[PDB]
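The data below hold one chain only, encoded as structure tokens and taken in the form deposited in one PDB entry.
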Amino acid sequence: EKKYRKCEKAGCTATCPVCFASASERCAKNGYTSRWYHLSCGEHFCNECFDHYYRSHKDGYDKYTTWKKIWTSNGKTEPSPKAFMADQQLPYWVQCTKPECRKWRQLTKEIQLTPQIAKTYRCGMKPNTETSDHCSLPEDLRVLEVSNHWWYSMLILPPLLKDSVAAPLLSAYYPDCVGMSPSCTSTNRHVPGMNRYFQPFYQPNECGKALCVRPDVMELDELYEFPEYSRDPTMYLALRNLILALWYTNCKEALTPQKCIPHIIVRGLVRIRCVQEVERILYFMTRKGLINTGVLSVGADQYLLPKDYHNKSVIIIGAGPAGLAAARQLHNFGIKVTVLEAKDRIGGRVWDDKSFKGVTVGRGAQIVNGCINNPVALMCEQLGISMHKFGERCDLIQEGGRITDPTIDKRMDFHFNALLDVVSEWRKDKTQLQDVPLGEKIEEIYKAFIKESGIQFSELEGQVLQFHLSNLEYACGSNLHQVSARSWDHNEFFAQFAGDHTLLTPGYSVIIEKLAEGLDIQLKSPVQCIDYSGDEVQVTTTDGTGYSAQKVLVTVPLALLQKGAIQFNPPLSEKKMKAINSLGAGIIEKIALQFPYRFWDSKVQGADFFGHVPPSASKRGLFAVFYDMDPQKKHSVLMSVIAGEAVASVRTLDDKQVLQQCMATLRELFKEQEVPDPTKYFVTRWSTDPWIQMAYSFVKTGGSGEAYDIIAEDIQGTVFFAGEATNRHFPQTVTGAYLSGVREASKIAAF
């Protein structure tokens, strides 16, 4: 036969291929062979070692055949001698852990790389074990080759990771389809101790779950950033999935390259490319706020992004969830941030009262709707605090004291949802200019249904239907006659947060205060003018104090944008003003009442809340739901909500008059017994708080969900916008406001 000195592959850069396997007694070593098999520009094996495993009469055949059976039953990747070599025989490479050295070294071929070796390796030391004379030695010349893109081009098979920390979460997938080795026995074997709200990965063919990622498909922004993985995403996916698994395994500390590296176990020079790449992917996912986020804090020179991204200054207007999320992100990235807040406190529509004995009572937000993958649940895990999952039970108690039979509750809910289904059908072919108020469409459909069907409802059934109507006015923050029939539920077209609905028992203020800790926050500093006509943005407060930065982030409430309280120079565009004015500034108010004892326990029997059947439509929304504010059933605090048309009715009532109406309502709801006087209470006035004037946004008649995106659009890469009224997928909530701030910090840090 004819022998060859050179590699089989045209264009391979190895002038002298050497065999890494040396498995056969006739291994060609560094000389001639019938074929030099190419794995990479730095790695080859001779035909004698190929046959050692491949041919049925050679000594390596039993090992190759046993591997082969495991490979083909567990994965979708073809078996071959090359795949076998890369998975089983190619030597490992590891970095010196001396911080001033970090040189790559090849381990001898029988040394199995472990995390422990990757954490403790030093040049010249026996693995798993002097001076530092061996650190000075040059790296093998093949190491530098790996950093070029053409090296990856010439790598014939994608790497497959071993014992990935992501593997227990990915058992429904073929391992090689997510970049993991099919021969790995721990890969192919709820991560215990991981928070059950952390479900980072979609199961196969799954959708409809907010913030899950497909472990087997790259997203578009990943492809824009890493287009070299468009053809074969295997290697990128394994590193991204590993990073997510590690972050959600320990979300209380910054995830760094050095923490990831011992968990990257794969043979060959390609491990060098994997380690170089994991660092780039880490910075990308950090900037996007997918890891290293929440209430994580850093010190100086422990910034989360390298000093490149640091070269900016930012003024943030408003210190609510959105403003503080952006400030925490940007500060952690190493960017200079100043927060200007109009009020004498931080938090915005997060404002907790800590003066009720034994409980924390939000004047503003206190519920989390859907905890799975929710950043609020992440931050609770980081802070070690607990939430209370709501029970389903909610008796509808009538004035006079009767409890509504639950079959009436369900029946009238059935009828109410049927009306919304007709609206859903009616709108399928309607343009924005053909929009109709939801409340008007509902009332029309209902009257037509009574006429057509002839059905006769009791007075109680009609009042219970009014209750279900009031729940939707509560969710929208408005009487439905101002809400768009086309677009009221626009956001439900996107994946929503799954899982538990909870009461944030310790209060969102705990999270707000931790986000803000250590930041440069200026209270009682209402911004009056933002001028971005110069080289730097000029921000002036109402007392004439001037601030300047390269970029500015506006997070003020939608109602304050509608009233134009900040003057912009140049002015906001006509298109931006139309979007701003197409959304509604929804409103609810709250009352909280402390009592000497839990007078409701005998009748309510531990339920988290009870409903209040409205006696007339004129009273829809007036204290419709009462919340028991102690899930441990020890303290006696109720909270109730004023929603819909009821908000206008309490506008000209002072607090004592509201309290009096609420106590008259409670004594009607508990007419058969005595109700004690309250000993402490508050009544909120969000609608007249000058710097807020609302509770949460909704889409007004004629508007579109697209308005949320338009408000979110930056101006000139210089003026950015966040807040709950800028989050199209997740409007209204603390969660969506938080995510909007993280989003804007990502935009700002990219420049």
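Start at 1 and count along the sequence shown; that's the residue number. C-alpha atoms forming the largest set that superposes within 1.5 Å between two forms make up the rigid core.
In what follows, reference is made to the form deposited in another entry, a form of this protein that is not presented.
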| task | Have a look at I692, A28, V683, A712 and give me the residue whose C-alpha moves 2 Å or more between this form and the one not shown, with the fit done on the rigid core. | result | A28
| message | Quick check on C19: with the core superposed, does its CA move 2 angstroms or more between this form and the one not shown? | response | yes
| message | So, superposing on the core, is the move of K98 at the CA at least 2 angstroms between this form and the one not shown? | response | yes
| request: Align both forms on the core first, then report whether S548 has a C-alpha shift of 2 Å or more between this form and the one not shown. | output: no
